[PDB]
């Protein structure tokens, strides 16, 4: 099934039920949770249980490739060519797909599918960090998946 998976891993699986998990993304640096606001702003300043911090993560295909959607706003977390995190109504593009990684230090990292070198990241104050300045070892790119409250 290796070849089959390698092939299927290239695009969205349009023939299978796509699994959905719901949780909060805790930022290691900010101590707070990732949230998508009504004004389409994205940051990591939400307190535990904040309605805007409830995320719906749907698998795209194999390799833990998923889309991250704010349950409250229905907006997808995506990355543009400048490595900027943007909230979009339509999350069909690869730019809205991230590979969930379980790092060697046991923290979670989310690597963008379109721009393979860029990671979802936030600063100590919970502000968005441009993907261009992100590297896997930085604490800004580390997260913990937490149960919804």
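Numbering follows the first chain given and starts at 1.
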{"property": "Higher-scoring stretch by recorded Cα B factor average, 43-51 or 107-115", "result": "43-51"}
{"property": "Mean Cα B-factor comparison, 77-85 or 97-105, giving the higher one as deposited", "result": "77-85"}
{"property": "141, 19, 25, 10, ranked by C-alpha B-factor: the highest one", "result": "10"}
{"property": "Third of the chain's Cα B-factor distribution that residue 91 belongs to, per the entry", "result": "highest"}
{"property": "Third of the chain, ranked by Cα B-factor, where residue 146 sits", "result": "lowest"}
